[PDB]
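Structure provided below as structure tokens; questions to follow.
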Ligand SMILES: *[C@@H]1O[C@H](CO)[C@@H](O[C@@H]2O[C@H](CO)[C@@H](O[C@@H]3O[C@H](CO[C@H]4O[C@H](CO)[C@@H](O)[C@H](O)[C@@H]4O)[C@@H](O)[C@H](O[C@H]4O[C@H](CO)[C@@H](O)[C@H](O)[C@@H]4O)[C@@H]3O)[C@H](O)[C@H]2NC(C)=O)[C@H](O)[C@H]1NC(C)=O
Ligand SMILES: *[C@@H]1O[C@H](CO)[C@@H](O[C@@H]2O[C@H](CO)[C@@H](O[C@@H]3O[C@H](CO)[C@@H](O)[C@H](O)[C@@H]3O)[C@H](O)[C@H]2NC(C)=O)[C@H](O)[C@H]1NC(C)=O
Ligand SMILES: *[C@@H]1O[C@H](CO)[C@@H](O[C@@H]2O[C@H](CO)[C@@H](O[C@@H]3O[C@H](CO)[C@@H](O)[C@H](O)[C@@H]3O)[C@H](O)[C@H]2NC(C)=O)[C@H](O)[C@H]1NC(C)=O
Ligand SMILES: *[C@@H]1O[C@H](CO)[C@@H](O[C@@H]2O[C@H](CO)[C@@H](O[C@@H]3O[C@H](CO)[C@@H](O)[C@H](O)[C@@H]3O)[C@H](O)[C@H]2NC(C)=O)[C@H](O)[C@H]1NC(C)=O
Ligand SMILES: *[C@@H]1O[C@H](CO)[C@@H](O[C@@H]2O[C@H](CO)[C@@H](O[C@@H]3O[C@H](CO)[C@@H](O)[C@H](O)[C@@H]3O)[C@H](O)[C@H]2NC(C)=O)[C@H](O)[C@H]1NC(C)=O
Ligand SMILES: *[C@@H]1O[C@H](CO)[C@@H](O[C@@H]2O[C@H](CO)[C@@H](O)[C@H](O)[C@H]2NC(C)=O)[C@H](O)[C@H]1NC(C)=O
Ligand SMILES: *[C@@H]1O[C@H](CO)[C@@H](O[C@@H]2O[C@H](CO)[C@@H](O)[C@H](O)[C@H]2NC(C)=O)[C@H](O)[C@H]1NC(C)=O
Ligand SMILES: *[C@@H]1O[C@H](CO)[C@@H](O)[C@H](O)[C@H]1NC(C)=O
Ligand SMILES: *[C@@H]1O[C@H](CO)[C@@H](O)[C@H](O)[C@H]1NC(C)=O
Ligand SMILES: *[C@@H]1O[C@H](CO)[C@@H](O)[C@H](O)[C@H]1NC(C)=O
């Protein structure tokens, strides 16, 4: 539940390109896929001619 | 008790000698936490190691280098680092196929030590001559086709005569006991200095009165948040890239009369040593499995017949002389007589070290062949040998394969300390003068640096009698 | 149990539910496999036995 | 695995006052246990025994 | 046994001096007791263990101070008189001669009684204050 | 509802007795709430989780005491009057019949108001004292 | 610079308003600073790291308040006079114009002096009170 | 040097009597005593001066300050006889023989 709150007179500078949360997402996604695919099957025996 | 009341105090300067885990502080900075390991990039902390020493007015403290648990901490951390770093890398199990080997061939190279071209390996006997050219069937990626690869192995890395004494068939030495793992290329890592910082609530004390024998009290005490840079180098029969003592040569044993106890000698002036493997090795790359690659030495191009280490004669001679003088002080009214290495395994019968990822072993009979308080009355050349398959530490079960390094490799080092033992039974009138070099656990190496320090936990709460009763009365009391 | 034998179920009328009986005096049991087994050791792979 | 009935090199039986004669009558441990021989790989992956 | 304190010493630099001279550095030892220092690997466990042990040490010390009515101060006067058991200690050496590192050895074997006495006295004072306030 | 405390009981041995005969283990209850108990394996995570959760529980409780002006004491008188909506409770059994384990059930469904009341009253008192000091 | 406090804003909703009004929300920021939020995987390390850093930051802040004689209060009057080097600041704009987010940029480059002055004055007052009690 | 020296080399003692053996050490170091059961492997008895070995009764005891150590065996039983050796880091004493009358 976000539970948004509005502020009276705040002014702030935003930058989308330097937003490090996208890097956080990138690392989290790669870690998730890597650790989830680790226990699964290996295809090495299937490399027959 | 009409004049006598307790008082609680906090932040009081008191400490006790507990034990705890310490922080690893790097050089600040040479790390890349996933791209490549230089010593502990995956693990250790890249933070500022500034010691910020503080001197204490009247503190007197008891030190003991032998019982210093930080050497055990170093041992555990080093083993964990190597074990976790070598785990993801390649396995050598597919390479244990039967090897057929033969003497090497030289395509008209030249020799350093003689003004003539190479003619025969048996006389041109170094690198070439101690190397066997082996060819073997290996599985390709598709698992249904095989091909005749070839590679050159050092003779210690292969074992005949369990393949019968007339077959010319060889195995890898490791397969008799265990399976090796190749060192990853990007992971290659070298003796970066490391600093130990105490955790919160602990203080690392240091003793500055350098002349102390390693035990007993010390008065020139000081406090430090992070130790100086200890280099995690490992070598046998000789300490190198170490520190130096401000006094002349220092010798430390827990009991010199206890002959089995190692005697660590710490120098005041370094003696420079240069070691080199001439000749350009060509890194061959042969495929194993779907996506695994094995590195081996192909042909060696250039001039061949050398694997040497060089030491200045007179400098080492005088260093040994001063060692002899100090040992004559400790052992009164008898000479000192250095001798060849006693024996034992190759890793301690020879001086051992690593340069550029290549492990060297060197015959040291040239070096300790001395007499009364010095050598008998120009550069000394040590013949050396190279192994690729390595047992990690002395006799631990972890094996390795060291990938070869292409091109000529040269390294320099500063000899700073010696590791010695003494002759035993007596025969009193003709035994005390004998000393020999000896091997050493890595604890013996690291103690020569971590004799300085001690770890104590702060006890920041204390009680004492003062002049106050809470909200009520004062006190009558005494003075010096 | 300090009392004599004890019986436990969340409903004894519920037949499918297990009935745990707890004793007060132990009954000794001895089990044995006579004959000397000889442990053979055969090698597999580089360093597995 | 190629398997066959076991063999006894003149042992004795606890339960009767006579020497072992046949596994079918001397039916415990021996008789319920099969002797199996199989080709296995040595360490060098090119020889089998 | 007491002195006008300072913080510019950085860390444990005294030490050595007597208790009436070593009682100046309380602020710096209080500060440094907790502050600082700050592909799959496990030394995160080691770091977390060290930090948690330090935090629990600090919390236990602060709790022990709080029970005795001393939380919020470094010096703390209390009501517990010096027991009938001692009546003997060497205070001429306390004020100006012994450092804390030496004095800590002369209160060992007996420190366990002090905390009990402090706790009892503080609880008595607390209930006495409630009894006073209940009458208005 | 109050009495002279003790610590030799070790742990929660009372319990059971009425509030005026049970609000005396405060020292030991405060002590045991945080102190103690203290190849690759992961139960270091479990131990660290338990330690951190206990520490956070203690810190939240201490913070709630601090907001109300009660930090530094176990007992704490306050200014908030008894609620306008209650004016009814069975105090004859508060003093000498109900144990804490029973009384805690009767204050449920109303505790959430009391924390807000305490916070507001404490902040009013804080600003009042600041104004009084700033008066001269 | 001061206002009658409040907790009903939930979180950081002010902000923006002047210091004389933004100084009312102290309770809620104090509360939310620590409370909450709460097959083999490693993000337990991440959660423990976040929790431990939050707890450590809170403990550092509380220790700094305790050294200055301010632990147990949100507002805290002290004795350190306005610095000899400043004697110039824009107080007409402090009371009713500047918000805290703006005023925090102006006290920068000078706060490190205050964090020494406060503890110096507190230790002086501590030893003075101890001497006064010892006087009787 | 001559780090150990025992005396008396030969001793005659009837069962139940107390025995006495002396070892002189000419250099600082540990000291100990052994019991050679005849025709068997000897075993440790006393080490680090006065401290007894494992499983040895209180019949066996001794002490020293500096160079001279005295070993005493109160109530020597028939099975306790034999030859006793003094040892220090590498050396062995010349041994002392005690026989039963
Ligand atoms: C004891 O102390 C001495 C110093 O007193 C150490 O000597 C160093 O030893 C290391 C190897 O252990 C040497 O490292 C290698 O140096 C090579 C030469 O460097 C020079 O030339 C290159 C260009 O060729 C320049 O860029 C560089 O600045 C130097 O001028 C490098 O070519 C090697 O590169 C390889 O390793 C790095 C690091 O892993 C990789 O990133 C590279 O891709 C490449 O694979 C390597 O760096 C070092 O040069 C020696 N220094 C000196 C002054 O001699 C001893 O190592 C130390 N320990 C022992 C046991 O003696
Ligand atoms: C270590 O010390 C040894 C011995 O002091 C050094 O050996 C010398 O190596 C050089 C080449 O590096 C040799 O030079 C050649 O000498 C012959 C004459 O013998 C000459 O005809 C050639 O043109 C060339 O100049 C030199 O002979 C050789 N010395 C000896 C005694 O064999 C070595 O170089 C030193 N360094 C290393 C890294 O080994
Ligand atoms: C280091 O190098 C030296 C010199 O190359 C090696 O010395 C040689 O060692 C061998 C083996 O111990 C000796 O062999 C013996 O020779 C005698 C005859 O002299 C013979 O009677 C024995 O049966 C045995 O074969 C050899 O003499 C000796 N030579 C010299 C000049 O010392 C040494 O072994 C090397 N050590 C290491 C650790 O590499
Ligand atoms: C202990 O031994 C040393 C020599 O090892 C004796 O002192 C003198 O030391 C100097 C400097 O090392 C010797 O001169 C040098 O000799 C070497 C050959 O070993 C040579 O390579 C150098 O170029 C230089 O000439 C000097 O010969 C030596 N004196 C004697 C009489 O040998 C010292 O005397 C010995 N200690 C005692 C108590 O005698
Ligand atoms: C468990 O209980 C059984 C049955 O009571 C025990 O079996 C008995 O085992 C003993 C040997 O351990 C047998 O002794 C032999 O008896 C024959 C005569 O039948 C005699 O000629 C042999 O010299 C030997 O003494 C005994 O016969 C046998 N009893 C029966 C009824 O078969 C068994 O020992 C108990 N324990 C275990 C661990 O099984
Ligand atoms: C090591 O042995 C290999 C295999 O015998 C050598 O490689 C072959 O050398 C011959 C000539 O000697 C060539 O005709 C072949 O084309 C080479 N390759 C193969 C796959 O056979 C190699 O030269 C030897 N190296 C040394 C130093 O003796
Ligand atoms: C189980 O089978 C193995 C293999 O047949 C037996 O081992 C052989 O026994 C014969 C005699 O029966 C010997 O001549 C051989 O030397 C044995 N070894 C091999 C490798 O053949 C084994 O005896 C059998 N065991 C039992 C209990 O029947
Ligand atoms: C090297 O040179 C010699 C003399 O020129 C020649 O006989 C020989 O064939 C050449 N090659 C090898 C491999 O020796
Ligand atoms: C060892 O030193 C002696 C000194 O007399 C010398 O004669 C001998 O040649 C030396 N041997 C070696 C291998 O250095
Ligand atoms: C066992 O003993 C019997 C009788 O002595 C004999 O006939 C037989 O060959 C022996 N061996 C086996 C395996 O039965």
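A short reminder: the numbers here are calculations on the coordinates, not readings from a lab. Here the Cβ is made from the backbone with ideal geometry for all residues, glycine too, and neighbour counts use every protein chain on show.
Any idea how far the Cα center of the range B:92-157 sits from the one of the range B:159-233, in Å?
After rounding, the separation between the Cα centres reads 32 Å.
Here is a follow-up. Per 5 Å bin from zero, what fraction in whole % of the C-alpha pairs of the range E:12-133 is there, up to the bin with the longest pair?
So the P(r) values, bin by bin, are 2, 8, 12, 15, 19, 16, 11, 8, 5, 3, 1, 1, 0.
Which of the peptides B:458-468, G:84-94, D:28-38, B:284-294 is most tightly packed, and how do the rest follow, judged by the mean count of other Cβ atoms within 10 Å per residue? If you can, show how the numbers build up before the last one.
Values: B:458-468: 22.2, G:84-94: 10.1, D:28-38: 11.6, B:284-294: 14.9.
Sorting B:458-468, G:84-94, D:28-38, B:284-294 by mean packing, highest first, produces B:458-468, B:284-294, D:28-38, G:84-94.
Distances in nm, one decimal, shortest first, from residue G:64 to the same residue in every other copy, taking the label point 7 angstrom along Cα→Cβ.
Copy-to-copy label distances at residue G:64, shortest first: 2.8, 2.8 nm.
Right, here's the next one. Hey, if you drop one equal point scatterer on each alpha-carbon of chain B and run the Debye formula without solvent, what base-10 log of I(q)/I(0) do you get at q = 0.09, 0.11, 0.13 Å⁻¹?
Result of the Debye calculation: -0.75, -1.04, -1.31.
Here's something else I'd like to know. How many Å³ per residue does the convex hull of the Cα positions in the range G:89-136 occupy?
Working: hull volume 5.1 nm³, N = 48.
Here the figure is 107 Å³ per residue.
Taking the label point 7 Å from Cα in the Cβ direction, how far apart in nm is residue F:81 from each other copy of itself, listed shortest first?
Taking the point 7 Å beyond Cα along Cα→Cβ, the inter-copy spacings are 4.5, 4.5 nm.
Of the DSSP beta bridges with both residues in the protein assembly as shown, give the percent that are antiparallel, rounding to the nearest 5. Show your work: numbers first, answer last.
Working: 148 of 156 bridges.
The antiparallel proportion sits near 95 percent.
Let me confirm one metric for peptide E:95-102, namely the mean number of other chain beta-carbon atoms within 10 Å of its residues' beta-carbons. Before the final figure, lay out the partial values.
Numbers: counts 7, 3, 2, 1, 5, 8, 10, 1.
So the per-residue partner count for this stretch is 5.
Got the relative contact order for the range H:4-100 handy, in percent, Cα pairs under 8 Å and 6 or more residues apart? Don't skip to the answer; put the middle values down first.
Values: 224 pairs, mean separation 38.1, N = 97.
Relative contact order comes out at 39 percent.
Let me ask something else about it. Quick check of the Kirkwood formula: for the range B:306-421, what is the inverse mean of 1/r over all pairs of different Cα atoms, in Å?
Details: mean 1/r = 0.0617 Å⁻¹.
Computed over the range B:306-421, the radius equals 16.2 Å.
Which number comes out as Rg/Rh for the protein assembly as shown once both Rg and the Kirkwood Rh are worked out on C-alpha atoms? Intermediate results must be reported in sequence, preceding the final value.
Working: Rg = 39.4 Å, Rh = 38.3 Å.
A ratio of 1.03.
Take the alpha-carbon centre of the range C:13-27, take the same for the range H:1-72, and report the distance between them in whole Å.
Between the Cα centre of the range C:13-27 and that of the range H:1-72, the gap is 66 Å.
Tell me the Kirkwood radius of chain D: reciprocal of the mean inverse pair distance over distinct alpha-carbon atoms, in Å. Intermediate results must be reported in sequence, preceding the final value.
Working: mean 1/r = 0.0760 Å⁻¹.
Radius from the Kirkwood sum: 13.2 Å.
Need the full-extension length gain, residue B:325 to residue B:257, defined as separation in residues times 0.36 nm minus the C-alpha distance. One decimal, nm.
22.7 nm
Arrange the peptides B:173-180, E:4-11 so that the one whose residues have, on average, the most other Cβ atoms within 10 Å appears first.
So the order, starting with the most tightly packed, is B:173-180, E:4-11.
For the range B:68-158, divide the Cα radius of gyration by the Kirkwood radius and give the resulting Rg/Rh value with two decimals.
1.19
So for the range B:1-97, averaging the separation of alpha carbon pairs under 8 Å that are six or more residues apart and normalising by length, what relative contact order in percent results? Please report the intermediate quantities before stating the final value.
Values: 44 pairs, mean separation 18.7, N = 97.
Answer for the range B:1-97 is 19 percent.
I've got another one for you. Taking the range H:4-100 on its own, what percent of its Cα-Cα pair distances exceed 19 Å?
33 percent
If you don't mind, there's one more thing I want to ask. Tell me the mean residue ellipticity at 222 nm calculated for chain B from its helices only (DSSP H runs of n ≥ 4, each -39500 (n - 2.57), averaged over every residue, nearest 500). It would help to have the intermediate numbers written out before the result.
Details: 4 runs with 48 residues, N = 480.
Value at 222 nm, helices only, nearest 500: -3000 deg cm²/dmol.
Ranked from highest to lowest mean number of other Cβ atoms within 10 Å per residue, what is the order of the peptides D:10-17, H:42-49?
Numbers: D:10-17: 9.5, H:42-49: 15.0.
The most tightly packed comes first, giving H:42-49, D:10-17.
If you fit an axis through the alpha-carbon atoms of helix A:21-37 and take the longest principal axis of the Cα set of chain A, what angle between them do you get, 0 to 90°, nearest 10?
Approximately 20 degrees, to the nearest ten.
How much FRET efficiency would the formula 1/(1 + (r/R0)^6) give for residue F:97 and residue G:79, where r is the Cβ-Cβ distance and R0 is 30 Å, rounded to 0.05? If you can, show how the numbers build up before the last one.
Numbers: r = 50 Å, r/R0 = 1.68.
Working from the Cβ atoms, E equals 0.05.
Across the residues of G:3-9, average count of Cβ atoms on other protein chains within 10 Å? The partial results should precede the final answer.
Details: counts 2, 6, 7, 3, 6, 2, 1.
Whole-number average of other-chain Cβ neighbours for G:3-9 is 4.
Let me ask something else about it. Calculate the length of the line joining the C-alpha centroid of the range D:28-44 to that of the range F:18-67, in whole Å.
After rounding, the separation between the Cα centres reads 59 Å.
If you wrap a convex hull around the Cα atoms of the range B:89-239, how much volume per residue is inside, in Å³?
Numbers: hull volume 42.8 nm³, N = 151.
Looking at the range B:89-239, the number lands at 283 Å³ per residue.
Shielding by partners for G:65-73, please: the mean number of other protein chain Cβ atoms within 10 Å of each residue's Cβ. Don't skip to the answer; put the middle values down first.
Values: counts 2, 7, 9, 0, 2, 1, 7, 10, 9.
Per-residue shielding by partner chains comes out at 5.
Compactness ratio of the range F:11-50: Cα Rg over 2.2 N^0.38 Å, N = residue count? Please report the intermediate quantities before stating the final value.
Details: Rg = 16.4 Å, N = 40, 2.2 N^0.38 = 8.9 Å.
Computed over Cα atoms of the range F:11-50, the ratio equals 1.83.
Please report the antiparallel percentage of DSSP beta bridges with both residues in chain B, rounded to the nearest 5. Before the final figure, lay out the partial values.
Working: 101 of 105 bridges.
Approximately 95 percent, going by the DSSP bridge assignments.
What does the copy distance list look like for residue F:101, label position 7 Å along Cα→Cβ, in nm and ordered from shortest?
Those separations, rounded to one decimal, come out as 5.3, 5.3 nm.
At a 10 Å Cβ-Cβ cut-off, how would you order B:393, F:68, fewest neighbours first? Walk me through the numbers on the way to the answer.
Working: B:393 16, F:68 20.
The most exposed by this proxy come first: B:393, F:68.
Report the label-to-label distance for residue E:112 and residue B:87 in nanometres (one decimal), using points 7 Å from each Cα along the Cα→Cβ vector.
Calculated label separation equals 4.4 nm.
Rank the residues E:43, F:43, E:103 as a footprinting-exposure proxy: fewest other Cβ atoms within 10 Å of their Cβ go first.
Numbers: E:43 20, F:43 8, E:103 24.
Arranged by neighbour count, lowest to highest, E:43, F:43, E:103 become F:43, E:43, E:103.
Next up: Rounded to the nearest 500 deg cm²/dmol, what is the calculated helix-only ellipticity per residue at 222 nm for chain F, with -39500 (n - 2.57) per DSSP H run of length n ≥ 4?
On the way: 5 runs with 71 residues, N = 136.
After summing the helix terms and dividing by the residues of chain F, the value is -17000 deg cm²/dmol.
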